[PDB]
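Novice: got an experimental structure here, sequence first:
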Amino acid sequence: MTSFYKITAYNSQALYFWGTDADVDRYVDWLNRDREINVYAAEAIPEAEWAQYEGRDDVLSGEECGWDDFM
């Protein structure tokens, strides 16, 4: 169910997420809600690379309660 996700957009800063794909999709939708250009899209990161994301401070975690309060 849950995975690390890399969320990218042309000419934009990469974002990083941990959680379910339903939650990464809600997150991407909120990121794009007012993006006229260079919209974001997510890709699921294979477990082989997961160490390079675990504990990272730029990874928004959907498994934390209230992570989506700003939505």
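Specialist: Okay, I see it. Numbering: from 1, shown residues only.
Novice: helix, strand, or coil at the most centrally placed residue in the chain?
Specialist: Per Cα atoms, centre = their mean, the C-alpha nearest to the average position across the chain is that of residue 17, at 3.2 Å. Recorded secondary structure, residue 17: strand (DSSP: H, G, I helix; E, B strand; the rest coil).
Novice: residue contacts, it?
Specialist: The contact partners of residue 17, by Cβ atoms under 8 Å, 6 or more residues apart in numbering, come to 4, 5, 7, 23, 24, 27, 42, 59, 60, 61, 62. All C-beta atoms are positioned from the backbone trio N, CA, C, and that covers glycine.
Novice: same check on residue 41?
Specialist: 7, 8, 9, 28.
Novice: for residue 11, which three-state class applies?
Specialist: What three-state DSSP gives for residue 11 is coil.
Novice: against residue 23, how distant is the spatially most distant residue from the centre of the chain?
Specialist: The outermost residue of the chain relative to its centre, with distances by Cα atoms, centre = their mean, is residue 36 at 19.3 Å. Residue 36 sits 25 Å away from residue 23, going by Cβ to Cβ, to the nearest Å.
Novice: also residue 54?
Specialist: Computed as Cβ to Cβ, the residue 54 to residue 23 distance reads 17 Å.
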